[PDB]
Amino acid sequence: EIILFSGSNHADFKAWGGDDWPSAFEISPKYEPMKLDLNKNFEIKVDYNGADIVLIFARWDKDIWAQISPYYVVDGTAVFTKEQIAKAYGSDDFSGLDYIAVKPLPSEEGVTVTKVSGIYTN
């Protein structure tokens, strides 16, 4: 396991159509370091409470916005697989990738995220 975040980030988000869709967690891998190696086979797990969430990968210059629903949710932990991300992204090659974020879908009380990690698979 590789920990990308633990703590408690809250994000509020009532509706699309406004100016800001905020992240409960996000990183910009062109600038910020991360131990997670996207060329290996991986899963991303997020511990959370509240609104349903999506995982986003985005590349600003191909206009790519891969947006993924959890593979499953048990015990307040969401799981996202490489295979899912790839399918949404168009490809399993992530060179050029600009943006990874965990975002809530529209709701009244928002979402709280306590942990974000990645796991390597065989």
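Residue numbers here begin at 1 and follow the sequence given.
Across the two stretches, 14-22 and 99-107, the PDB entry reports the greater mean Cα temperature factor for 14-22. Sort the modelled residues of the chain by CA B factor and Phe80 lands in the lowest third. Annotation for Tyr31: C-alpha temperature factor in the highest third relative to the rest of the modelled chain, per the entry. In the deposited entry, the Cα temperature factor of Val73 places it in the highest third of its chain's modelled residues. Ranked within its chain, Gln67 lands in the lowest third, by CA B factor from the PDB record.
Sort the modelled residues of the chain by CA B factor and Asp37 lands in the middle third.
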